[PDB]
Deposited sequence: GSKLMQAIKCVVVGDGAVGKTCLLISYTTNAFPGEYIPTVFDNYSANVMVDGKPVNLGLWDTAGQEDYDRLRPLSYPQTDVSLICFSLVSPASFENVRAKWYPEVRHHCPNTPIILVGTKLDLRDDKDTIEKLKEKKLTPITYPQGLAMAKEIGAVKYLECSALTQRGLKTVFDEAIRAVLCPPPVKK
């Protein structure tokens, strides 16, 4: 059994909690959603226990220090594919955070809310603000920029790509 600690980081409202709830319980939350999902684990794969940690705000101001204690093995940096602000924060904030608190450990870059990237209403609302969803090549390029071992897109709502995210988190630690 190899234990692994996987922490999910990123801006508020990108879908970190929903990612974890959908994957761990196969249910998508209702309108009231936990702010921070509790720590869960599974024994999966080869012999592996995958420990999953949700986060609140920036590590430095979180009394629980989920990114630092105990030691993190792999980080999922999440941004919403329909929030360009949240993508820019990968570079401004989240890659710096993981490098600072978890130096020399693998990062997976995860674009969330894949289902909304072709949602008519979502695209229109963005267009009204002179914005457009983040594309696959853009995400891939950000992943290369920050030294992420994988770029993955998913929807917690439809579960498209969701299983691959957590399989790759494990592979990043087991098969570096």
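### Query
What are the unmodelled segments when the structure is compared with the full deposited sequence, in sequence order?
Seq positions lacking coordinates: 1-4, 49-51, 184-188.
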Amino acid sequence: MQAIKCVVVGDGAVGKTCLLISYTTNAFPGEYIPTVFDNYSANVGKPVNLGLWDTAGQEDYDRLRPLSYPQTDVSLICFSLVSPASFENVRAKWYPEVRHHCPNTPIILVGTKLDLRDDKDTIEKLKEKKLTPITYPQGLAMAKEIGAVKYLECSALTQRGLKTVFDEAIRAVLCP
From here on, numbers count along this sequence of modelled residues.
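### Query
So 128-136 or 45-53, which one's hotter by mean CA B-factor in the entry?
Stretch with the greater average CA B-factor: 45-53.
### Query
Lowest, middle or highest third: where is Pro29 by Cα B-factor in its chain?
Within its chain, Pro29 is a highest-third residue by C-alpha B-factor, going by the deposited values.
### Message
Test of reading the entry: by CA B factor among the chain's modelled residues, which third contains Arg63?
### Response
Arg63: CA B-factor falls in the highest third of its chain.
### Query
Based on the entry's values, in what third of the chain does the Cα temperature factor of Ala13 lie: lowest, middle or highest?
Lowest third.
### Query
Looking at the C-alpha B-factor of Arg117, is it in the lowest, middle or highest third of its chain?
Answer is highest: the recorded C-alpha B-factor places it there.
### Task
Please place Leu19 in the lowest, middle or highest third of its chain by C-alpha B factor as given in the entry.
As the PDB entry reports it, the C-alpha B-factor of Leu19 lands in the middle third of its chain.
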